[PDB]
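Single chain ahead, written as structure tokens, the form solved without this ligand.
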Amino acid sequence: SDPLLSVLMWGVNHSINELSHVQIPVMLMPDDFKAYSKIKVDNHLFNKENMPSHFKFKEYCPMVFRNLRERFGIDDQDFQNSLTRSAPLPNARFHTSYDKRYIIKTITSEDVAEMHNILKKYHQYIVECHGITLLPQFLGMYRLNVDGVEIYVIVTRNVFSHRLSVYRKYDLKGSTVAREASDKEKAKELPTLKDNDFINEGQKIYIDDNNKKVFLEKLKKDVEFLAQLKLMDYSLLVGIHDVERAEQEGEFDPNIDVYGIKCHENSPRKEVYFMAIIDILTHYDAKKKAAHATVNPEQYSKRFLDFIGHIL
């Protein structure tokens, strides 16, 4: 239906098949972080029903992302299946793989330049923490061209569960500036609530002290890493699965729903939480470029950690 979507699927299919033939070494070389693969297709009077007639597909740093997927426990055949067996669904734009495992977000060429800028340090951080992190798990990055339109996409692991539905959803920054959902927003089906909605509506997260301490330790290292790269304006995304409400119309695989945390036994309701850092690709400078048409990366870091520290 959507031609840019068909190119992406075609492109991912192609990219994984190509890599299935490559010998994968344990390590990445400096060149791998500068590598890419380009395919340009021209069909004249042929294959009109499936694909656009003229398109380009570019994959950035294929070896680095192949390395990352494995580190994040993701098999290439499964990634391929999730993205190609049936179209991703819409809901900048984002799409979800038909099986709800992966998110595909459309980003700017500026975002792509920034991703390239941090990719090596991101990778080393992922190595250092053995892939145990609240940061986005970046799984692939592509450029799509279909006759006049060029778009860039990044693929991440879904923060939420692929099985367990989320009934309530928060986006927290811990900003001094008043963050609150709009009244038009508060009436969307699955709204995206913000910092005020949390402080105001006395939302509680019922997790035991061991899960709480582990979470905040992870969070601390992650946010310090982000501050260090002068990145800011990211959020904690928090989703809540109500086991009772799901039975009306609750265990999860922690190897697929990696961000899940069960509630403790004294929780007022049987709840599963999914919490992760999202939206990291705003460099201090790029935020100023969107503002033109007082708090820095270091401040943002502390503000963020205090707030999350308080709410759990």
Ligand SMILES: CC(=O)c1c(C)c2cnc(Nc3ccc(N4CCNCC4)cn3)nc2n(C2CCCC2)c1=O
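Only residues modelled in both forms are compared. Residue indices: 1-based, along the sequence shown. We call the rigid core whatever largest set of C-alpha positions still superposes within 1.5 Å between the two forms.
Across the other entries compared, none leave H21 without coordinates where the residues on each side are present, so it is far from a third. Among other deposited entries of this protein with both flanking residues present, none omit coordinates for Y36; it is modelled throughout, well short of a third. Counting the unmodelled positions of the deposited sequence between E249 and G250 gives a long gap of 10 or more residues. Averaged over Cα atoms, the B-factor as recorded in the entry is higher for 199 to 207 than for the other of 79 to 87 and 199 to 207. On average the C-alpha atoms of 258 to 266 have higher B-factors than those of the other stretch, with 26 to 34 and 258 to 266 being the two compared. Out of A181, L172, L219, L119, it is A181 whose C-alpha atom has the highest B-factor in the PDB entry. Ranking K58, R66, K287, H54 by Cα temperature factor from the entry places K287 first.
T294: CA B factor in the highest third of modelled residues in this chain (values from the PDB entry). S15 sits in the lowest third of its chain by CA B factor, as recorded in the PDB entry. In the PDB entry, a CA B factor belonging to the lowest third of its chain's modelled residues is recorded for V159. When the CA B factors of the chain's modelled residues are split into thirds, the value for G239 lands in the middle one. Per the PDB record, residue ranking by Cα B-factor puts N43 in the lowest third of the chain.
Keep in mind that the form solved in complex with this ligand is not shown, yet the notes after this line are about it.
Take this ligand as it sits in the deposited complex, overlay the site C-alphas onto this chain, and none of its atoms lands within 2.4 Å of the backbone or a C-beta, so the site here is open. Checking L237, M141, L119, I205 for any heavy atom within 4.5 Å of this ligand in the deposited complex turns up a single hit: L237. Distance criterion of 4.5 Å from any heavy atom to this ligand in the deposited complex singles out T192 from the list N81, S175, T192, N211.
Proximity of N91 to this ligand in the deposited complex: non-hydrogen atoms within 4.5 Å are present.
Put simply, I278 is close to this ligand in the deposited complex: some heavy atom of it is within 4.5 Å. At least one heavy atom of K105 is located within 4.5 Å of this ligand in the deposited complex. In the deposited complex, none of the heavy atoms of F198 sits within 4.5 Å of a heavy atom of this ligand. Residues placing heavy atoms within 4.5 Å of this ligand in the deposited complex fall in a single listed stretch, namely 158 to 166, out of 212 to 220, 68 to 76, 158 to 166, 144 to 152. Taking residues common to both forms and aligning the rigid core, Cα displacements of 2 Å or more over three or more consecutive positions between the shown form and the other one occur only in 182 to 188.
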